[PDB]
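Read through the structure below, which is laid out as structure tokens, and then see the notes.
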Amino acid sequence: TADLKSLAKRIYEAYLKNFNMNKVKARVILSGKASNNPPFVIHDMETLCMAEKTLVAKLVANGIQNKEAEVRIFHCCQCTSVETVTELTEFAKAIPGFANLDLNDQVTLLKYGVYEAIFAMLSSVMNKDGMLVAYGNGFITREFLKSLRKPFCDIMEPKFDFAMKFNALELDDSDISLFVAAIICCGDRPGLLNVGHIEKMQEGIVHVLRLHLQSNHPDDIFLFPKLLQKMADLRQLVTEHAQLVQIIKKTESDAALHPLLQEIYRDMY
Ligand SMILES: CC(C)(Oc1ccc(C(=O)c2ccc(Cl)cc2)cc1)C(=O)O
Ligand SMILES: *c1ccc([N+](=O)[O-])cc1C(=O)Nc1ccccc1
Ligand SMILES: *c1ccc([N+](=O)[O-])cc1C(=O)Nc1ccccc1
Ligand SMILES: *c1ccc([N+](=O)[O-])cc1C(=O)Nc1ccccc1
């Protein structure tokens, strides 16, 4: 079309603008074809404490430091998502009609959707062996994550499984931008007031996405349906994650939950 392609572009531009780590900037680091200075590999406890030597500032004033090895990892890992939530909250502005929604419906969308988008985008920085960290400056291996003591070794491995099959779709930021937009405009979230209004808004994004996918990836005929399954998959992935988070709350007495994330997880699933 033309007006649609403008909207699809308006979304993409908001994607690159807000999220500092896109799939292009990431796949080039993992390829190592643009530089000979690879990110610092974190594969065991020694390499971890080395890299942590860089953040000794944020670690001392936060009281972690002497905390357990796993707690330290996923303590800063929370600060990441808190940032991605903010970037996502701003990315939602560009969505046509979103800013107009009732302030309650806006928060509800961003409540049940953020983590579904975080894990989706989180695939862009993963591979079969690990993921990028610190805006591409670090690469934490996948086996080291599976080596932590339970239940921390069950946190990231599920996401790696999704990112491997999801990456297999060969998507570019051009598409993910729209894909993440549709995730936020899901009219299925509990507590939505104007269900009719939101569904109209989502159908616009999905319609744009369905044509964009057929245009940018014409050979993968059922690519659009596959992604719909992925949305369903992510919805399930975030649910299990929420259960595993609350499981860490009812047992681990030395792992505190970030204030912002508390409100998100509160009575989520
Ligand atoms: C992906 C990530 C960081 O996943 C978590 C993994 C571990 C924790 C915790 O260590 C923790 C701390 C306090 C409580 Cl009450 C429960 C769990 C939190 C989130 C997220 O969700 O952004
Ligand atoms: C998260 C957990 C642990 C560390 N660390 O001790 O090396 C770092 C991070 C992290 O995400 N650091 C970061 C984020 C963004 C930009 C630069 C560095
Ligand atoms: C945790 C959640 C999300 C990201 N991310 O996609 O930027 C990274 C991490 C993480 O584990 N960061 C990290 C960096 C350095 C040392 C430990 C942990
Ligand atoms: C955010 C970024 C980096 C670190 N760190 O490596 O010390 C910590 C945090 C952070 O906000 N931790 C936290 C968890 C729970 C409640 C408040 C703060």
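Every chain in the structure tokens has a letter given in the order shown (A, B, ...), and although residue numbers restart at 1 in each chain, ligands are simply numbered from 1 in the order shown.
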
What's around residue A:110 at 10 Å? Count only C-alpha atoms, leave out sequence neighbours fewer than 6 positions away in its own chain, and write the answer as a PDB file with N, CA and C atoms, in the first residue's frame.
ATOM      1  N   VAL A  85      11.611  -2.262  29.871  1.00  0.00           N
ATOM      2  CA  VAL A  85      10.215  -1.895  30.095  1.00  0.00           C
ATOM      3  C   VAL A  85      10.008  -0.417  29.798  1.00  0.00           C
ATOM      4  N   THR A  86      10.904   0.431  30.308  1.00  0.00           N
ATOM      5  CA  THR A  86      10.810   1.860  30.030  1.00  0.00           C
ATOM      6  C   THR A  86      10.862   2.128  28.531  1.00  0.00           C
ATOM      7  N   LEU A  88      10.159   0.139  26.226  1.00  0.00           N
ATOM      8  CA  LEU A  88       8.913  -0.376  25.668  1.00  0.00           C
ATOM      9  C   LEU A  88       7.752   0.571  25.941  1.00  0.00           C
ATOM     10  N   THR A  89       7.689   1.135  27.149  1.00  0.00           N
ATOM     11  CA  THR A  89       6.627   2.086  27.459  1.00  0.00           C
ATOM     12  C   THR A  89       6.653   3.268  26.501  1.00  0.00           C
ATOM     13  N   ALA A  92       5.560   2.330  22.931  1.00  0.00           N
ATOM     14  CA  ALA A  92       4.112   2.229  22.801  1.00  0.00           C
ATOM     15  C   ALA A  92       3.477   3.527  22.322  1.00  0.00           C
ATOM     16  N   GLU A 116       6.487 -10.433  27.351  1.00  0.00           N
ATOM     17  CA  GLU A 116       6.329 -11.174  26.105  1.00  0.00           C
ATOM     18  C   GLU A 116       7.164 -10.557  24.993  1.00  0.00           C
ATOM     19  N   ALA A 117       7.366  -9.239  25.035  1.00  0.00           N
ATOM     20  CA  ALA A 117       8.220  -8.586  24.050  1.00  0.00           C
ATOM     21  C   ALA A 117       9.692  -8.706  24.423  1.00  0.00           C
ATOM     22  N   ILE A 183       2.156  -7.401  20.039  1.00  0.00           N
ATOM     23  CA  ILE A 183       2.145  -8.000  21.371  1.00  0.00           C
ATOM     24  C   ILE A 183       1.561  -7.028  22.388  1.00  0.00           C
ATOM     25  N   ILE A 184       1.870  -5.739  22.245  1.00  0.00           N
ATOM     26  CA  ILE A 184       1.387  -4.756  23.208  1.00  0.00           C
ATOM     27  C   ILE A 184      -0.096  -4.470  23.010  1.00  0.00           C
ATOM     28  N   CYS A 185      -0.605  -4.614  21.785  1.00  0.00           N
ATOM     29  CA  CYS A 185      -2.001  -4.325  21.483  1.00  0.00           C
ATOM     30  C   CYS A 185      -2.894  -5.557  21.568  1.00  0.00           C
ATOM     31  N   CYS A 186      -2.521  -6.551  22.368  1.00  0.00           N
ATOM     32  CA  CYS A 186      -3.351  -7.740  22.519  1.00  0.00           C
ATOM     33  C   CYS A 186      -4.610  -7.394  23.305  1.00  0.00           C
ATOM     34  N   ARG A 189      -5.842  -9.261  27.165  1.00  0.00           N
ATOM     35  CA  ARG A 189      -5.327  -9.093  28.516  1.00  0.00           C
ATOM     36  C   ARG A 189      -6.474  -9.007  29.519  1.00  0.00           C
ATOM     37  N   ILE A 264       4.641  -5.124  38.304  1.00  0.00           N
ATOM     38  CA  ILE A 264       4.326  -5.888  37.099  1.00  0.00           C
ATOM     39  C   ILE A 264       3.898  -7.304  37.468  1.00  0.00           C
TER      40      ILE A 264
END

- [ ] Would you mind listing the residues within 9 Å of ligand 1, counting only C-alpha atoms and all ligand atoms, as an NGL selection string?
- [x] :A and (70-82 or 115 or 118-119 or 152 or 155-156 or 238 or 241-242 or 244-258 or 261-262 or 265)

Based on the selection just made, write N, CA, C and O atoms of those residues as a short mmCIF file (atom, residue, chain, number, x, y, z; two decimals), in the first residue's frame.
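In the end it all went to selection_8.cif:
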data_model
loop_
_atom_site.label_atom_id
_atom_site.label_comp_id
_atom_site.auth_asym_id
_atom_site.auth_seq_id
_atom_site.Cartn_x
_atom_site.Cartn_y
_atom_site.Cartn_z
N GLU A 70 24.90 -16.61 41.95
CA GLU A 70 23.72 -16.53 41.10
C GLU A 70 22.90 -15.28 41.42
O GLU A 70 22.44 -14.58 40.51
N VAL A 71 22.71 -14.99 42.71
CA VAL A 71 21.91 -13.82 43.08
C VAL A 71 22.50 -12.56 42.46
O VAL A 71 21.76 -11.67 42.01
N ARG A 72 23.83 -12.45 42.43
CA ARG A 72 24.46 -11.28 41.82
C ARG A 72 24.10 -11.16 40.35
O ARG A 72 23.72 -10.08 39.88
N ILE A 73 24.21 -12.26 39.61
CA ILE A 73 23.89 -12.28 38.18
C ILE A 73 22.49 -11.72 37.96
O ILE A 73 22.33 -10.63 37.39
N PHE A 74 21.48 -12.45 38.41
CA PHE A 74 20.09 -12.05 38.20
C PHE A 74 19.67 -10.87 39.04
O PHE A 74 18.49 -10.51 39.00
N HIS A 75 20.57 -10.25 39.80
CA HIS A 75 20.23 -9.00 40.47
C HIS A 75 20.41 -7.82 39.52
O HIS A 75 19.54 -6.94 39.44
N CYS A 76 21.52 -7.79 38.79
CA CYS A 76 21.69 -6.79 37.74
C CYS A 76 20.84 -7.12 36.52
O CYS A 76 20.38 -6.21 35.83
N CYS A 77 20.60 -8.41 36.26
CA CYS A 77 19.74 -8.79 35.15
C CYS A 77 18.37 -8.14 35.26
O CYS A 77 17.73 -7.86 34.24
N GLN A 78 17.90 -7.90 36.48
CA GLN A 78 16.62 -7.22 36.66
C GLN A 78 16.69 -5.78 36.17
O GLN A 78 15.76 -5.29 35.51
N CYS A 79 17.78 -5.08 36.49
CA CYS A 79 17.91 -3.69 36.06
C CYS A 79 17.81 -3.56 34.55
O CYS A 79 17.27 -2.55 34.05
N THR A 80 18.29 -4.55 33.81
CA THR A 80 18.13 -4.55 32.36
C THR A 80 16.65 -4.47 31.98
O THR A 80 16.22 -3.53 31.32
N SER A 81 15.86 -5.45 32.43
CA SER A 81 14.46 -5.50 32.04
C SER A 81 13.73 -4.23 32.46
O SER A 81 12.86 -3.73 31.73
N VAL A 82 14.06 -3.69 33.63
CA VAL A 82 13.45 -2.42 34.05
C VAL A 82 13.69 -1.36 32.99
O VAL A 82 12.80 -0.56 32.68
N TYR A 115 6.98 -8.37 29.12
CA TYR A 115 7.85 -9.54 29.18
C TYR A 115 7.66 -10.46 27.98
O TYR A 115 8.58 -11.20 27.62
N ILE A 118 10.01 -8.59 25.72
CA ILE A 118 11.40 -8.70 26.15
C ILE A 118 12.00 -10.02 25.69
O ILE A 118 13.11 -10.06 25.14
N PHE A 119 11.28 -11.12 25.92
CA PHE A 119 11.79 -12.43 25.51
C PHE A 119 11.87 -12.54 23.99
O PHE A 119 12.82 -13.13 23.46
N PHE A 152 17.98 -21.15 39.67
CA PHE A 152 18.50 -20.13 38.77
C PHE A 152 18.92 -20.71 37.42
O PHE A 152 18.92 -20.00 36.41
N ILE A 155 16.06 -20.55 34.71
CA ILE A 155 15.49 -19.25 34.34
C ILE A 155 15.73 -18.96 32.86
O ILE A 155 14.80 -18.62 32.13
N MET A 156 16.98 -19.10 32.41
CA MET A 156 17.34 -18.65 31.07
C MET A 156 17.26 -19.75 30.02
O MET A 156 16.95 -19.46 28.86
N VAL A 238 5.90 -16.45 29.28
CA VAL A 238 5.88 -15.47 30.35
C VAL A 238 5.13 -16.00 31.56
O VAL A 238 5.48 -15.68 32.71
N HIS A 241 7.42 -18.26 33.45
CA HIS A 241 8.42 -17.38 34.05
C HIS A 241 7.87 -16.70 35.30
O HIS A 241 8.57 -16.60 36.31
N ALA A 242 6.63 -16.22 35.24
CA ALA A 242 6.04 -15.58 36.41
C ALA A 242 5.92 -16.55 37.57
O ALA A 242 6.16 -16.18 38.73
N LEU A 244 7.93 -19.16 38.05
CA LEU A 244 9.29 -19.36 38.53
C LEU A 244 9.80 -18.16 39.32
O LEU A 244 10.65 -18.32 40.20
N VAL A 245 9.31 -16.96 39.01
CA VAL A 245 9.71 -15.78 39.78
C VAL A 245 9.10 -15.83 41.17
O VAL A 245 9.79 -15.63 42.18
N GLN A 246 7.80 -16.10 41.26
CA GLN A 246 7.15 -16.22 42.56
C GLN A 246 7.71 -17.39 43.36
O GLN A 246 7.75 -17.35 44.59
N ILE A 247 8.16 -18.45 42.67
CA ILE A 247 8.80 -19.56 43.36
C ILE A 247 10.09 -19.10 44.02
O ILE A 247 10.45 -19.55 45.11
N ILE A 248 10.82 -18.18 43.37
CA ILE A 248 12.01 -17.61 43.97
C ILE A 248 11.67 -16.67 45.11
O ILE A 248 12.51 -16.40 45.97
N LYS A 249 10.44 -16.15 45.14
CA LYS A 249 10.02 -15.27 46.23
C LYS A 249 9.69 -16.05 47.49
O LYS A 249 10.06 -15.64 48.59
N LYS A 250 9.00 -17.19 47.35
CA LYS A 250 8.57 -17.97 48.50
C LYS A 250 9.69 -18.76 49.15
O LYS A 250 9.45 -19.39 50.19
N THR A 251 10.90 -18.76 48.59
CA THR A 251 11.99 -19.54 49.16
C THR A 251 13.21 -18.67 49.42
O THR A 251 13.58 -18.43 50.57
N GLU A 252 13.85 -18.20 48.35
CA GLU A 252 15.07 -17.41 48.48
C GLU A 252 14.81 -16.18 49.34
O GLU A 252 14.02 -15.31 48.97
N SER A 253 15.48 -16.11 50.49
CA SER A 253 15.31 -15.01 51.42
C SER A 253 16.33 -13.89 51.22
O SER A 253 16.20 -12.84 51.85
N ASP A 254 17.33 -14.10 50.36
CA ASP A 254 18.36 -13.09 50.11
C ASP A 254 18.25 -12.46 48.73
O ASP A 254 19.12 -11.65 48.37
N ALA A 255 17.23 -12.79 47.95
CA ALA A 255 17.02 -12.22 46.62
C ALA A 255 15.80 -11.31 46.68
O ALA A 255 14.66 -11.78 46.81
N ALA A 256 16.03 -10.00 46.59
CA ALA A 256 14.96 -9.02 46.63
C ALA A 256 14.51 -8.67 45.21
O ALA A 256 15.30 -8.68 44.27
N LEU A 257 13.22 -8.37 45.08
CA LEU A 257 12.64 -8.06 43.78
C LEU A 257 12.63 -6.55 43.56
O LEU A 257 12.29 -5.78 44.46
N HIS A 258 13.02 -6.15 42.36
CA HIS A 258 13.06 -4.73 42.02
C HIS A 258 11.70 -4.10 42.27
O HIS A 258 10.66 -4.74 42.03
N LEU A 261 9.47 -3.95 38.98
CA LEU A 261 9.05 -5.27 38.53
C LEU A 261 8.03 -5.88 39.48
O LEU A 261 7.19 -6.68 39.06
N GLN A 262 8.08 -5.51 40.77
CA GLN A 262 7.09 -6.02 41.72
C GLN A 262 5.67 -5.70 41.25
O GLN A 262 4.81 -6.58 41.21
N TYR A 265 4.72 -8.00 38.26
CA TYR A 265 4.43 -9.38 38.61
C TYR A 265 3.26 -9.52 39.58
O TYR A 265 2.67 -10.60 39.67
#

- [ ] Any chance you could list, as a ChimeraX atom specification, the residues in stretch 73-155 of chain A that come up helix (DSSP H, G or I) when DSSP is run on the backbone?
- [x] /A:73-94,103-125,142-147,152-154

Open item on the list: as a ChimeraX atom specification, please: the residues near stretch 195-209 of chain A (cut-off 6 Å, only C-alpha atoms, same-chain neighbours under 5 positions excluded).
Closed with: /A:178,182,185,187

- [ ] Taking the chain letters and numbering used in this document, name the residues of stretch 126-178 of chain A that DSSP puts in strand (DSSP E), as a VMD selection string.
- [x] chain A and resid 130 to 133 138 to 141

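Take atom CA of residue A:175 and atom CA of residue A:104: the distance between them is 28.0 Å.
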
Task: Residues within 10 Å of ligand 2, counting only C-alpha atoms and all ligand atoms, as a ChimeraX atom specification - done: /A:20,40,42,47-59,65,71-81,83,132-138,140

Open item on the list: Under the rule that only C-alpha atoms are counted, which of A:60, A:4, A:231, A:41 is the nearest residue to residue A:139?
Closed with: A:41

Task: Among listed residues A:2, A:7, A:26, A:14, nearest ligand 3 (using only C-alpha atoms and all ligand atoms) - done: A:26
